[PDB]
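Here is how names work: the chains are called A, B, and so on, in the same order as the sequence lines, proteins then strands, and each is numbered from 1. Every heavy atom of this structure was used, including side-chain atoms; hydrogens, water molecules and symmetry mates were not.
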Amino acid sequence: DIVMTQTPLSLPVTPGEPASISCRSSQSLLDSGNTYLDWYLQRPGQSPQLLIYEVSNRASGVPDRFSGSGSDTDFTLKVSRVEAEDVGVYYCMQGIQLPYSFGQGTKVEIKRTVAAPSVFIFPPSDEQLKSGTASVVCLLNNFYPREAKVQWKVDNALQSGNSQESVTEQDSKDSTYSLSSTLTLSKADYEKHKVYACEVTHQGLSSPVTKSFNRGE
Amino acid sequence: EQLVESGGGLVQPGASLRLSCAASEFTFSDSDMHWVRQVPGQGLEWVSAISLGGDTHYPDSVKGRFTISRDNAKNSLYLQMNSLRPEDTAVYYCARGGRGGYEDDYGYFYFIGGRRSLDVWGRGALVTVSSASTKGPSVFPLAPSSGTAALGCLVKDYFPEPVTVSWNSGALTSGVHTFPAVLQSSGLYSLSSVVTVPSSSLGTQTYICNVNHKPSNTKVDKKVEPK
């Protein structure tokens, strides 16, 4: 089967600045008179869509700041001016021989100015406590860059191993991330302790921010 | 032009599952049709294709186990999957390939342009191959606290993926973040969906999270209120 390889696998770029992605086939994609090499864009939470076909033809709706070039076995996707809405994963695909095969994907990340998170803490709902479980949620909202640290403290005891984090894909308009950390406790343990706190460390914060609440207040 | 996949859900290893794809706003019988799959977080792998004359093609990873078929009368493509393995767990997309037709004196033809491209893709159907059973979620409110306020819903303890969440039946989309699900140590998934809104709206604007977990037939609308 044809092996497709793409580079770089991550591409950070500032809106307004150009970008390019290289693809390389293990065999020639020329049919002595078309070359069957395509580019697909997968935006966050969407399926792939065709961006360029046959090396250099733009699919419907694709503006001319995108172009493709190459020949035989080496190909390049170029964007002359990136926009924040370009965030996604770009894939090369050969169609000269079944099975069609894809390169690994290049994740375009949009660079922007540092943005500190807004932090919010949520106690377990009375509804959940009635069910017999307790989840505390800490939300870090609309921040950049992605690296953030969340620590949980329960009556000043550091929690280790009983929380899980989930992070959004970069937003297509403001190029930020959001993050949730969920601390899981049994109802008995939640009801034994008083102060619940999430401490956030981020490049945009001059010192760590703590949001906390007292069970019952 | 639209492709809408159906059939996705949970199946145990060794069993079989049939996906369908309904085509609309295009002459279905005049296109080749393909299936491509993607394990969440990973790249793309071509699964199968059927020409407008019903010839079928397969890579070796599924050859012998999957069968593609079409019923032009119904504007539908099918992928019958047998002897499933955990590693076939993936989102399966149907996609339209080369365009052509049939003329009835001269036979099948293809347009030269776009012949080996996939120009229309469906939204995908997640197939999960697992010996765990279906479990519907609990939906709990994340109440806004006592500038900008945050609220949400916690969709806890469900299997398999996926769950969808909208706010106010789709009317509320700005400021909404629905997080990727996390697999808890129990083997069930959980996710949170949050929205940031003006604090001044909390007394008067109604916020409702609409949760849908199709594998368990669980649909819930949960009003989230300040306490």
Contact class of A/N34 relative to chain B, heavy atoms under 4.5 angstrom
side chain
Sub-4.5 Å side-chain heavy-atom contact between A/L50 and B/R96:
no
About how many Å separate CG of A/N142 and OG1 of B/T148, when rounded to the nearest 0.5 Å?
9.5 Å
Of the backbone (N, CA, C, O) and the side chain (C-beta and beyond), which part of B/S138 lies under 4.5 Å from a heavy atom of chain A, both, or neither?
neither
Heaviest contributor of heavy-atom pairs below 4.5 Å to chain B, chosen from A/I96, A/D38, A/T133, A/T184, is A/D38
Are the side chain of A/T168 and the backbone of B/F179 linked by a donor-acceptor contact shorter than 3.5 Å?
no
Is the shortest heavy-atom distance from the side chain of A/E127 to the side chain of B/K222 under 4.5 Å?
yes
Given heavy-atom pairs under 4.5 angstrom as the criterion, report whether the side chain, backbone, both or neither of A/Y91 touches chain B.
side chain
Below 4.5 Å from any heavy atom of chain B, which atoms of A/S180 appear? Answer side chain, backbone, both or neither.
both
So which of A/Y36, A/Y100, A/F213 has the biggest tally of heavy-atom pairs under 4.5 Å with chain B?
A/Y100
Heavy-atom distance under 4.5 Å to chain A: side chain of B/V36, backbone, both or neither?
side chain
Could you grab the distance from atom OG of A/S135 to atom CZ of B/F140, nearest 0.5 Å is fine?
7.5 Å
Under 4.5 Å heavy-atom distance to chain B, tell me which part of A/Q97 shows up: side chain, backbone, both or neither.
backbone
Which atoms of A/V167 come close to chain B, meaning under 4.5 Å heavy atom to heavy atom: side chain ones, backbone ones, both, or neither?
backbone
Find the distance between CD1 (A/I52) and OG (B/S117) and round it off to the nearest 0.5 Å.
11.0 Å
Take A/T182 and B/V182 through the side chain to side chain contact (heavy atoms under 4.5 Å, CB included) test and state the conclusion after the steps.
CA-CA 10 Å; A/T182 304; B/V182 168; over 6 Å; no
Proximity breakdown for B/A150 and chain A, heavy-atom pairs closer than 4.5 Å:
both
Between A/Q42, A/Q49, A/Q46, who has the most heavy-atom pairs with chain B when the cutoff is under 4.5 Å?
A/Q42
Roughly how far apart are B/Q42 CD and A/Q104 CD, rounded to 0.5 Å?
12.0 Å
Per-residue contact mode, B/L183 against chain A (heavy atom under 4.5 angstrom):
backbone
OG/B/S61 to CG/A/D1 distance, rounded to the nearest 0.5 angstrom?
9.5 Å
Quick one: pull up OG in A/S131 and NZ in B/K156 and give me the separation to the nearest 0.5 Å.
9.5 Å
Engaged part of B/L154 at the chain A interface, taking heavy atoms whose separation is under 4.5 Å
side chain
A/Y40 and B/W121: aromatic ring centres closer than 6.0 Å?
yes
A/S166 versus B/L191: any side-chain heavy-atom pair under 4.5 Å?
no
Can you say whether B/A95 sits under 4.5 Å from chain A via the side chain, the backbone, both, or neither, judging by heavy atoms?
neither
Can you check whether B/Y93 reaches A/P48 side chain to side chain, under 4.5 Å on heavy atoms?
yes
Going through the checks in order, is the side chain to side chain contact (heavy atoms under 4.5 Å, CB included) test met by B/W46 and A/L98?
CA-CA 9 Å; B/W46 178 88; A/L98 272 36; 4.1 Å; yes
Report which part of B/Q38 has an atom under 4.5 Å of a heavy atom belonging to chain A: side chain, backbone, both, or neither.
side chain
